[PDB]
Each structure stands twice: as C-alpha cells, then as structure tokens.
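A.B. asks: There's a structure below that I have some questions on.
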Amino acid sequence: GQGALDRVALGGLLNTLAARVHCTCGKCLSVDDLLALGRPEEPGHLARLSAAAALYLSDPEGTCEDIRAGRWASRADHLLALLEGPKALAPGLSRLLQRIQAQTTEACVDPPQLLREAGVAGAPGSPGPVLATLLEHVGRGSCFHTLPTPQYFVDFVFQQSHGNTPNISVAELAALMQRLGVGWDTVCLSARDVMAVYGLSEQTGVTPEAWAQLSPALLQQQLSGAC
Amino acid sequence: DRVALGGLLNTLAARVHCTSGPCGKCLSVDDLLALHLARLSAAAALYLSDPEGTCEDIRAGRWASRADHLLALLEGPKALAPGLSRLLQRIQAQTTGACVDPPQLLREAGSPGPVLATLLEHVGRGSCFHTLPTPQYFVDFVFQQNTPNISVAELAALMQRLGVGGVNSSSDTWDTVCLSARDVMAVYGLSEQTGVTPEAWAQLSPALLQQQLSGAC
C-alpha cells in the first residue's frame, strides 16, 4: 500500500538527487535510508527529509559517510537548527545553494524567490517549508542562482589580507587604504585617523564589525578625491 | 582689568597675524569691555575663527550676540565635541595650519565656557589642533557629493566612479561575481522603488570596497 507508494515516490526523489549531482556516491543512497529518517506522521518530518536531501545535494560524498555512520537524521536536524537561528536563514540558504550549484555542475531561481514561495502574506518562509520548496524545485529541474551574502563582503577582506593577527592591524588597514588610493569635505585621513573617528583602539585593531563601520569613510575618502 | 584684557587682545591679534594690520586695530579693549567669562571666551574664539568677519560684527555692535550664539551652538546635548572640532578647524586655518584634540580640551577643562577658555589657553601656548569628522559625516557627505534617497541610477554612477558595477584560482566562487547596482541592492534586501537611504548606504559600503579589492570588475 503506502509502503509501496512511498517507495516509488521516495525512490524517484532519490533518483533525481543522484542525477543532479551526477552520481547516477549514488549507490550509498537508498530508499530505506530515506525511510529511516522518520515516520511520515511526525510533525517536522517533511523538514527533516527536505534538509536531509539538501545536505545530500550539498555534500554527496560527505553525506554517504554520514549515512553509513547512521547519523543522517542528526546532521539533518543540525542544518534545520543552523537555519532556524535568529537572522540565519537567508544567508544560510545562500551558502547552501552555492554549494548545491557547485555540485549541480536563461532565468533561474534564487533564495529570495524560495523565501517568498514558501511562507505567507509577504513574510519569508521558515526553514522546513523553504527547504521543501527547494526540493520541489530540484524535482522540476530548475537551475539556481545565488548572490553573495552581506557577511561575505567583510569576510572576504579578512581572508585576502595577509596577517598573523585575527583582527586587521593599523598597518594592514593602511596597506588597504593605499590599494584604494587613500591614506570639512577636503581633509585626507590617515589609517590612524580613520580608527580615531570610530573610536577604535590601535592595540585592539579592526574587527569585522569595525571594518563594516569604517567602510563608509573609506568610500567617502575615495569619492572626495582628497587623497 | 584692562591690563589683562589688553594682553588677551595682543595674543588674539598675534596668533591670527594681525599685529601690525587693520584687523588687529579693530579689536580694542573697550570692545572687550562692552561684552561673562563664557561670553568673553566665545567672543575671542570667534575672533580667532574669523578676524575680518568679527571686526564687521564688532563695528555693528553685534559681537556679544554672535558670541552668545556660539555658546548656544555648543551648549546642546551631543553638540559640544563636534562643534568644537568644527571651530578648531577654522581656527587652525587662520592661525598656523604633536597635537591637541577636543577630548583633551574637554578633560583639561573640567561646560562650553570653561572649555573655550581652555582652547584659548592653548592658542596662547601655540599648540596645534587635530580635529576629526563624525561617523555621520561620512555617510551624510556622499548624499551631497536630488531625490531624498540615492537612485539605483545614482548608485550605479557612484559604482562607476569607483571602477565597479561592470560599467584566477578562487577560494570562493563568489570571488568572481561582479555585481550590478541592482545586484548590490538585492544583496541587502533593498527596494529599488525606495532607493538607497543613508542607513542603507552604510550597510552596502563593505560590498563596494570588496568589489574593488576583489578585482572582479
């Protein structure tokens, strides 16, 4: 009866997953794995399944290893958690789709659209239904496009600039200002001056939050032409 | 004592380099008498701020008024520190052009009256001043250099001026994306109908920098 439909339905879901990843790593994935995740009646079973699938798309090799270890359900509940967090969902989804793009291989589907399409009356969807909505799109063979996330732009400067400190050194800050052609209207600020404006201790250096804070001044300094 | 006022006059005149000039001659002890500590310190700060302009005001008998005004502009809630900065900028312009900043003056002083008096002391020692803008100033500036907000089009002109907006072995595949103005807005969930508000400009600033440092355009 249902055992059998579930097996054809879930079986087909597994087959599209395997295909989109080009694992048609595919052997490890079986209907019984998907069955193992939960009893359909349990509230948050669609979520757990949608997340488990998203994980598979996100990391096939890694998700087989987890499946073998019998921790697929746990790792799926973990992802729902990461995304259930305060302001976590939108950027978490972006990162998740970037990975799914990586492993997946004209207009395409983006996270804002997925957030719209799940959830109600202009509000963003919550993780389970959002991920389901993602799955349903994978099933329709939609392509995905993602823009980067706000944190990505600050993170990027900390990864790119070569420094032993966890924060940006006044020296580091000054090298960057140089690369940008920098370091009332017409004053030209030093790196130190920049720090002084935002009440930043040179011993403490520039943290990511701080980089974000002093960003407008770096722009102004460039547009100003003062330097 | 008009002996004291006399010396005050002489430093004021000197630090502005009006000693053997007409702008120094307009300043008379009786002017200073006509003008209490606060009013005097402010009147003097004004003179240092704008000698030519302050003679015209003095000769019109409105020096006291203009001085009470400056005390007002500085009496306010979070007015004093930045007001003092702007004032010192002007005074550095007219006199000269290891330094003293407004936090130091506030500490050494002890509101506006005694602070101005301490500024004046420093002018007397010949100290140099170092003054900074406020964080708000940097956002507020871009908006001048006319919808109320910045248009997507405006945003795009700015990105062009910065060499971005599109007008090898990447650690992240986003490292290669070159964002449109519209994309920039999309990242931060900003409506194109509303435009870029100052708070929004602040928010999207890091991406403009990244886009340049990235070399993706």
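Every chain in the structure tokens has a letter given in the order shown (A, B, ...), and although residue numbers restart at 1 in each chain, ligands are simply numbered from 1 in the order shown.
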Find the residues near range 139-154 of chain B: any atom within 9 Å, counting only C-alpha atoms, skip ones fewer than 2 places away on the same chain, and give them as a VMD selection string.
C.D. replies: (chain A and resid 185 216 to 217 219 to 220 223 to 224) or (chain B and resid 135 to 137 156 to 159 181 to 182 185 192 to 199 201 to 202)
A.B. asks: Atoms to include: C-alpha atoms. Write the selected residues as a JSON list (two decimals), in the first residue's frame.
C.D. replies:
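Below is the file that was written, out28.json:
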```
[["chain", "number", "residue", "atom", "x", "y", "z"],
["A", 185, "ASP", "CA", 34.95, 67.92, 2.76],
["A", 216, "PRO", "CA", 31.67, 54.43, 4.53],
["A", 217, "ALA", "CA", 34.62, 56.62, 5.32],
["A", 219, "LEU", "CA", 34.27, 55.20, 0.26],
["A", 220, "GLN", "CA", 33.86, 58.90, 1.06],
["A", 223, "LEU", "CA", 34.78, 59.87, -3.87],
["A", 224, "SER", "CA", 36.05, 63.04, -2.17],
["B", 135, "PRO", "CA", 30.91, 59.00, 11.68],
["B", 136, "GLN", "CA", 27.62, 60.51, 10.44],
["B", 137, "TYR", "CA", 29.60, 62.98, 8.36],
["B", 156, "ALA", "CA", 25.37, 52.96, -10.37],
["B", 157, "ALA", "CA", 27.06, 56.26, -11.24],
["B", 158, "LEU", "CA", 28.95, 56.05, -7.92],
["B", 159, "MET", "CA", 29.98, 52.48, -8.56],
["B", 181, "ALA", "CA", 23.94, 48.31, -8.77],
["B", 182, "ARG", "CA", 20.67, 46.39, -8.76],
["B", 185, "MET", "CA", 20.65, 46.41, -3.71],
["B", 192, "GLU", "CA", 14.67, 49.99, -5.88],
["B", 193, "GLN", "CA", 11.42, 51.95, -5.51],
["B", 194, "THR", "CA", 12.54, 53.23, -2.07],
["B", 195, "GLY", "CA", 16.19, 53.77, -3.18],
["B", 196, "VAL", "CA", 19.34, 53.84, -1.02],
["B", 197, "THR", "CA", 18.82, 55.60, 2.33],
["B", 198, "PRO", "CA", 21.79, 56.74, 4.44],
["B", 199, "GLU", "CA", 21.42, 53.73, 6.79],
["B", 201, "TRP", "CA", 24.46, 53.27, 2.18],
["B", 202, "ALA", "CA", 26.20, 52.38, 5.40]]
```
A.B. asks: Any idea what's packed within 9 Å of range 159-167 of chain A, counting only C-alpha atoms, ignoring anything in its chain fewer than 3 positions away? Could you give it as a PyMOL selection string?
C.D. replies: (chain A and resi 155-156+172+176+204-208) or (chain B and resi 214)
A.B. asks: For the residues in that selection, give me C-alpha atoms as a PDB file, in the first residue's frame.
C.D. replies:
```pdb
ATOM      1  CA  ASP A 155      34.808  38.092   5.429  1.00  0.00           C
ATOM      2  CA  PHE A 156      36.493  38.481   2.099  1.00  0.00           C
ATOM      3  CA  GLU A 172      47.147  46.231   7.461  1.00  0.00           C
ATOM      4  CA  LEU A 176      44.402  48.503   2.140  1.00  0.00           C
ATOM      5  CA  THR A 204      42.681  46.187  19.506  1.00  0.00           C
ATOM      6  CA  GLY A 205      42.868  46.610  15.719  1.00  0.00           C
ATOM      7  CA  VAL A 206      39.962  46.485  13.252  1.00  0.00           C
ATOM      8  CA  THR A 207      37.429  43.714  13.921  1.00  0.00           C
ATOM      9  CA  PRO A 208      34.944  42.629  11.240  1.00  0.00           C
TER      10      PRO A 208
ATOM     11  CA  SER B 214      38.343  41.711  -5.411  1.00  0.00           C
TER      12      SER B 214
END
```
A.B. asks: With 7 Å as the limit and counting only C-alpha atoms, what residues in chain B lie close to chain A? Please list them as a list in words.
C.D. replies: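 Result, ordered by chain then number: residues 132, 133, 134, 135, 138, 139, 142, 174, 187, 188, 202, 205, 206, 207 and 210 of chain B.
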A.B. asks: Could the residues in this selection be written to a file with N, CA and C atoms, as a PDB file, in the first residue's frame?
C.D. replies:
```
ATOM      1  N   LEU B 132      38.722  65.774  14.161  1.00  0.00           N
ATOM      2  CA  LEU B 132      38.152  64.828  13.225  1.00  0.00           C
ATOM      3  C   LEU B 132      36.653  64.993  12.926  1.00  0.00           C
ATOM      4  N   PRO B 133      36.209  64.454  11.788  1.00  0.00           N
ATOM      5  CA  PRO B 133      34.782  64.474  11.486  1.00  0.00           C
ATOM      6  C   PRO B 133      34.057  63.449  12.302  1.00  0.00           C
ATOM      7  N   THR B 134      32.740  63.445  12.222  1.00  0.00           N
ATOM      8  CA  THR B 134      31.922  62.438  12.908  1.00  0.00           C
ATOM      9  C   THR B 134      31.604  61.270  11.980  1.00  0.00           C
ATOM     10  N   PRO B 135      31.320  60.087  12.552  1.00  0.00           N
ATOM     11  CA  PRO B 135      30.913  58.998  11.684  1.00  0.00           C
ATOM     12  C   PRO B 135      29.763  59.406  10.767  1.00  0.00           C
ATOM     13  N   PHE B 138      30.461  61.021   7.194  1.00  0.00           N
ATOM     14  CA  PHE B 138      30.925  60.298   6.010  1.00  0.00           C
ATOM     15  C   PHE B 138      29.773  59.775   5.171  1.00  0.00           C
ATOM     16  N   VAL B 139      28.701  59.361   5.822  1.00  0.00           N
ATOM     17  CA  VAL B 139      27.508  58.978   5.108  1.00  0.00           C
ATOM     18  C   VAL B 139      26.835  60.231   4.540  1.00  0.00           C
ATOM     19  N   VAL B 142      28.202  61.739   1.120  1.00  0.00           N
ATOM     20  CA  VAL B 142      28.035  61.139  -0.171  1.00  0.00           C
ATOM     21  C   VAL B 142      26.732  61.679  -0.730  1.00  0.00           C
ATOM     22  N   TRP B 174      32.211  33.127  -5.315  1.00  0.00           N
ATOM     23  CA  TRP B 174      31.617  34.441  -5.263  1.00  0.00           C
ATOM     24  C   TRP B 174      32.693  35.464  -5.490  1.00  0.00           C
ATOM     25  N   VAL B 187      21.330  42.217  -2.700  1.00  0.00           N
ATOM     26  CA  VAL B 187      22.041  41.543  -1.631  1.00  0.00           C
ATOM     27  C   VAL B 187      21.548  41.979  -0.256  1.00  0.00           C
ATOM     28  N   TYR B 188      21.340  43.281  -0.093  1.00  0.00           N
ATOM     29  CA  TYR B 188      20.987  43.823   1.205  1.00  0.00           C
ATOM     30  C   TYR B 188      19.472  43.944   1.413  1.00  0.00           C
ATOM     31  N   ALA B 202      25.259  52.884   4.411  1.00  0.00           N
ATOM     32  CA  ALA B 202      26.197  52.385   5.396  1.00  0.00           C
ATOM     33  C   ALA B 202      26.313  50.882   5.277  1.00  0.00           C
ATOM     34  N   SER B 205      28.182  49.531   2.073  1.00  0.00           N
ATOM     35  CA  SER B 205      29.504  50.069   1.889  1.00  0.00           C
ATOM     36  C   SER B 205      30.566  48.988   1.773  1.00  0.00           C
ATOM     37  N   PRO B 206      30.554  48.005   2.674  1.00  0.00           N
ATOM     38  CA  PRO B 206      31.600  46.991   2.586  1.00  0.00           C
ATOM     39  C   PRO B 206      31.674  46.253   1.236  1.00  0.00           C
ATOM     40  N   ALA B 207      30.523  46.076   0.600  1.00  0.00           N
ATOM     41  CA  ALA B 207      30.473  45.385  -0.672  1.00  0.00           C
ATOM     42  C   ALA B 207      31.119  46.229  -1.762  1.00  0.00           C
ATOM     43  N   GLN B 210      34.771  45.666  -1.168  1.00  0.00           N
ATOM     44  CA  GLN B 210      35.149  44.333  -1.606  1.00  0.00           C
ATOM     45  C   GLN B 210      35.241  44.229  -3.104  1.00  0.00           C
TER      46      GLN B 210
END
```
A.B. asks: So that I can check the surroundings of residue 45 in chain A, please list as a PyMOL selection string every protein, DNA and RNA residue that reaches within 12 Å of it, counting only C-alpha atoms and ignoring chain neighbours fewer than 6 positions away.
C.D. replies: chain A and resi 34-39+51-52+73+76-77+80+128-129+132
A.B. asks: Run DSSP on the backbone and grab whatever in range 10-107 of chain B lands in helix (DSSP H, G or I); send it over as a PyMOL selection string.
C.D. replies: chain B and resi 10-15+22-25+29-34+37-49+51-59+63-75+80-94+102-107
A.B. asks: Given only C-alpha atoms as the basis, pick out the residue of A:139, A:50, A:33, A:192 nearest to residue 12 in chain A.
C.D. replies: A:139
A.B. asks: One number please: CA of residue 105 in chain B to CA of residue 118 in chain B, in Å, one decimal.
C.D. replies: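 According to the coordinates, CA of residue 105 in chain B and CA of residue 118 in chain B are separated by 6.5 Å.
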